[PDB]
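To begin, one chain is listed below as structure tokens, in the form deposited in one PDB entry.
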């Protein structure tokens, strides 16, 4: 079957040669065809796969000795912004000292600008001193998190907007203390079943004591959270929505 697929090879080999498709001969025709013809294209290849662009900068001045045009599709940034530039300018200011350190082989992540910044993995090496590298792009209610007991261990900031309380006031306390007494066993047995029913979601409703001491009807929907390795559950995650 070596032969049959040898001939498969040679067959469609034949057919992509246009001035041919229109043994020894198929072969030398392909050859001359190569002669008629992995570089600037390679650029677009990166732009496609990694969504990256290449650039070179002086190590000392951090001055962009080169920036590929692909900077534009990648950053929505003209080359001119960039070759007249020093790279310290094109990144987030809190990213600077990192870079000093990065300025053997190199790699790091950083916020570059397009005041709007984007995350960029950069991979390269030092050559004379400059740095050759590529820059790449990789990518109503509030949420709480509790221990089994019911204590607030985590709270979203927007808690302040939804219940009037500052996080500090929720955190540490059992959720059932902010519950209307009537609805409390409702809340509790809700919790038990949440643990009994591992990972699955239960919804429940209840009046919540607002910082203005007000009974705020609220549905929350929640589930226990298993460890991916051990499958043991450490916390419950609630989304607590004003009704």
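Residue numbers count along the first chain shown, from 1. Rigid core (definition): largest C-alpha set, two forms, superposition within 1.5 Å.
What comes next is about the form deposited in another entry, which does not appear here.
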**Prompt:** Is residue 59 one of the residues whose C-alpha moves 2 Å or more between the shown form and the other one after the core fit?
**Reply:** no
**Item:** Core fit, then residue 14 C-alpha moves 2 Å or more between the shown form and the other one
**Value:** yes
**Message:** When the rigid core is used for the superposition, does residue 49 move between the shown form and the other one (threshold: C-alpha shift of 2 Å or more)?
**Reply:** no
